[PDB]
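Visitor: Before we start, here is the structure in question, set down as structure tokens.
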Amino acid sequence: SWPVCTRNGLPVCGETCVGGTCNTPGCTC
């Protein structure tokens with residue numbers, strides 16, 4: 001989701017992706 005790593009809509013990774021990317025295979029942005 002632009003600034004956070006979610007699990008199909010739910011920020012549940014704890015990391016962010018402001019740049020536009022996450023580094024946690026399993027979460028989306």
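Order determines the names: the first chain of the structure tokens is A, the second B, and so forth; residues in each chain are numbered 1 upward, and ligands are numbered 1 upward as they are shown.
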So that I can see what lies close to residue 5 in chain A, please list as number ranges by chain the residues with an atom at most 8 Å from it, counting only C-alpha atoms and leaving out residues fewer than 3 positions away in the same chain.
Guide: A: 1, 11-17, 22, 24, 27-29
Visitor: Write out as a PDB file with N, CA, C and O atoms, in the first residue's frame each polymer residue whose atoms come within 7 Å of residue 20 in chain A, counting only C-alpha atoms; drop sequence neighbours fewer than 2 positions from it.
Guide:
```pdb
ATOM      1  N   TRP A   2       1.227   1.904  -1.008  1.00  0.00           N
ATOM      2  CA  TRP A   2       2.324   2.937  -1.033  1.00  0.00           C
ATOM      3  C   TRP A   2       3.274   2.954   0.203  1.00  0.00           C
ATOM      4  O   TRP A   2       4.399   2.565  -0.004  1.00  0.00           O
ATOM      5  N   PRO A   3       2.902   3.355   1.404  1.00  0.00           N
ATOM      6  CA  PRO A   3       3.877   3.552   2.500  1.00  0.00           C
ATOM      7  C   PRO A   3       4.002   2.389   3.507  1.00  0.00           C
ATOM      8  O   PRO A   3       4.835   2.469   4.386  1.00  0.00           O
ATOM      9  N   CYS A  17       6.985   0.790   2.937  1.00  0.00           N
ATOM     10  CA  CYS A  17       7.439   0.810   1.515  1.00  0.00           C
ATOM     11  C   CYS A  17       7.184   2.165   0.868  1.00  0.00           C
ATOM     12  O   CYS A  17       6.763   2.204  -0.267  1.00  0.00           O
ATOM     13  N   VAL A  18       7.451   3.230   1.585  1.00  0.00           N
ATOM     14  CA  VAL A  18       7.237   4.615   1.055  1.00  0.00           C
ATOM     15  C   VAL A  18       7.818   4.743  -0.355  1.00  0.00           C
ATOM     16  O   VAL A  18       7.180   5.278  -1.243  1.00  0.00           O
TER      17      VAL A  18
END
```
